[PDB]
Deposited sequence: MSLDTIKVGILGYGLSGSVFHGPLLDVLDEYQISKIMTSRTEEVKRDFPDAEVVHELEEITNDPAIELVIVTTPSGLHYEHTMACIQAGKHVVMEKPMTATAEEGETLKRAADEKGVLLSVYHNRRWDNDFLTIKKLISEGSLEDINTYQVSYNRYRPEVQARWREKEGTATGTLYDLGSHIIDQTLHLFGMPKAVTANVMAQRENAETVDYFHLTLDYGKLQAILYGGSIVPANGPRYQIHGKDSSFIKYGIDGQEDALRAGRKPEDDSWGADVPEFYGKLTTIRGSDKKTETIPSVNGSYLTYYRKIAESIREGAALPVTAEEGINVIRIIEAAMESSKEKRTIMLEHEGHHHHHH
């Protein structure tokens, strides 16, 4: 194929080698050409045909390179992204996009100025549970949602853009923005519960959409999780436990190769309750398979065909906007309204 998109991957830690590499590897739309890393042997074993490089320029000055994936650590990655944009490369950034909305806008304007595609890897829009929710919404089984409550907890009692609101909160904020647009206000408590904690490990956010209230919360001393989603509309409620299995499959060295990729466990299928007049019906909904590949098939369609991006820089920046307003709400102890 003359038309493979030539990819350079920045960094080959966990994101590069586990979350991106294996997905890019199964899509013939793509060719992994270069990877910036000192893990020379790992790359030789994972991608025999890739070239290892140790300088950013070896990617930014290479005219054959069309798309750069930025997985370098939170600090140095703004620099790297700008450098890629300056060199006329399309760029996929990890979440959370940046620490501040202002940094994010700067990248967006530089990309627009330069005619390049800038996206943010908010791949939890292709988690099984979330896909299931979008399917229920589109089929009219979850009308006029009035309450949307999402929890994202862990049990990590020992302390091992920092903290869990950036790292985990960003995913469920993106989902919320995706579903309902921007809220008119944010009220939040953002803290460190754990004994010697440096960074945020607890958040509770309320996104004010008037009649609709979106509540997003997460703790780090939570032996057992309640439901991940509790969603209430005029006629029905969707309540579901569990988390998407794709990241664990990827950590176990598995690749997407058949239709059973991203399947949910039957015990974790959501329950939809519907009330028509006097009758109350409860149904177990088999989850739509999770499909992280979809983000990359769409990126390929933006690059080659000019189709709209699967996640846009603006949507990425909006997540950061909610995160900063939450921090500000927590610090000032008041509701932060948004224009």
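Missing from the model, by position in the deposited sequence, are residues 1, 162-170, 350-358.
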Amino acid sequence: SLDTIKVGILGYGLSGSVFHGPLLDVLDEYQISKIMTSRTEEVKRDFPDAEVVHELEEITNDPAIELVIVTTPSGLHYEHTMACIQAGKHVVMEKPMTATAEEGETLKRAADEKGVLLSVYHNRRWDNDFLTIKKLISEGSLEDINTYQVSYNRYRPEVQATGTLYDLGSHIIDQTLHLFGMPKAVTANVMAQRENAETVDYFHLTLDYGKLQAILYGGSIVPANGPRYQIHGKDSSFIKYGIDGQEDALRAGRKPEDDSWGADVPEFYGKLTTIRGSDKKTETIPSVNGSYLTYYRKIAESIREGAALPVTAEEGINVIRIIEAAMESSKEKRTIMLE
From here on, numbers count along this sequence of modelled residues.
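Between 310-318 and 58-66, it is 58-66 that carries the larger average Cα temperature factor according to the deposited entry. Higher mean CA B-factor, judged across 301-309 and 273-281 from the recorded values: 273-281. Between the residues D174, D208, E257, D244, the entry's highest C-alpha temperature factor is the one at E257.
Ranking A185, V222, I239, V265 by Cα temperature factor from the entry places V265 first.
Sort the chain's modelled residues by C-alpha temperature factor and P227 lands in the lowest third, per the entry. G169: CA B factor lies in the lowest third for its chain, per the PDB record. Among the modelled residues of its chain, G163 has a C-alpha B-factor that falls in the lowest third, as given in the PDB entry. The entry lists a Cα temperature factor for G75 that places it in the highest third of the chain's modelled residues. When the modelled residues of the chain are ordered by their C-alpha B factor, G218 lands in the lowest third.
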